[PDB]
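Here's the structure we're looking at; comments come further down.
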Amino acid sequence: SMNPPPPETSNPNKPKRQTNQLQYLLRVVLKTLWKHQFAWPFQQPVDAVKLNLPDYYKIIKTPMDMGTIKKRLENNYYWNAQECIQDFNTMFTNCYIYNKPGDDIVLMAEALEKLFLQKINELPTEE
């Protein structure tokens with residue numbers, strides 16, 4: 001396949017532990033971005049086979065998408081909020097390094113990233 005196996009979304013050997021920031025990342029950040037009208041290209045891994053993108057996974061070193069992030073948050077996969085914020089940043093970076101700067105998809109990514117960054121600016125303190 002041109003497509004890699006999707007990222008792992010659950011960790012069978014980690015304790016269940018919430019934090020205020022992880023709660024915020026699921027209930028405010030992911031929830032807001034997921035329902036946005038421009039979410040759909042980002043709700044699942046890029047299907048390079050179906051879209052016929054033979055170079056996508058040659059260019060992108062670290063696949064990431066909001067479907068994966070959502071499942072990770074729901075499964076308490078992350079030990080800390082910074083891991084989750086990292087995944088969001090990776091997802092945006094992938095879009096911006098692969099897609100042509102004039103492409104609709106980049107516009108969609110920018111709208112979502114603006115919202116993401118606004119919410120991160122209101123991230124609760126880790127206490």
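Numbering starts fresh at 1 for the residues of each chain in the structure tokens, the chains themselves are lettered A, B, ... in the order given, and ligands are numbered from 1 as they appear.
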
Report task. Would you kindly return, as a PyMOL selection string, each protein, DNA or RNA residue with an atom no farther than 10 Å from any atom of residue 110 in chain A, considering only C-alpha atoms and excluding same-chain residues fewer than 6 positions away? Result -> chain A and resi 38+92+95-96+104+116

Residues from the last selection, C-alpha atoms, saved as a PDB file, in the first residue's frame:
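The resulting file, out07.pdb, is shown below:
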```pdb
ATOM      1  CA  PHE A  38     -13.499  22.824   7.251  1.00  0.00           C
ATOM      2  CA  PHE A  92      -0.789  21.436  10.357  1.00  0.00           C
ATOM      3  CA  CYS A  95      -0.511  20.211   5.303  1.00  0.00           C
ATOM      4  CA  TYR A  96       1.704  23.264   4.803  1.00  0.00           C
ATOM      5  CA  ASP A 104      -8.112  25.321  -0.787  1.00  0.00           C
ATOM      6  CA  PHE A 116      -6.466  26.094  17.580  1.00  0.00           C
TER       7      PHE A 116
END
```

Contact check, range 76-121 of chain A to range 24-33 of chain A, at most 9 Å, counting only C-alpha atoms, closest pairs as CSV:
```
residue,atom,partner,partner_atom,distance
A:81,CA,A:25,CA,7.4
A:84,CA,A:25,CA,7.7
A:85,CA,A:25,CA,8.1
A:112,CA,A:33,CA,6.3
A:113,CA,A:33,CA,8.8
A:115,CA,A:33,CA,7.3
A:116,CA,A:29,CA,6.5
A:119,CA,A:29,CA,6.3
A:120,CA,A:29,CA,7.9
```

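Residues in contact with range 45-61 of chain A at up to 9 Å, not including ones fewer than 2 positions away on its chain and judged by only C-alpha atoms, are residues 1, 2, 3, 4, 6, 7, 41, 42, 43, 63, 64, 65, 66, 67, 68, 94, 97 and 98 of chain A.
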
Report summary line: Shortest contact to residue 13 in chain A, candidates A:80, A:125, A:75, A:118, atoms counted only C-alpha atoms, goes to A:75

Query raised in the report: Which of these, A:121, A:44, A:99, A:21, has the shortest distance to residue 83 in chain A once you count only C-alpha atoms?
Result: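 Checking each candidate against residue 83 in chain A, we get A:21 as the closest.
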
Query raised in the report: Do you have the CA of residue 89 in chain A-CA of residue 105 in chain A distance handy?
Result: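 Distance between the two atoms: 15.8 Å.
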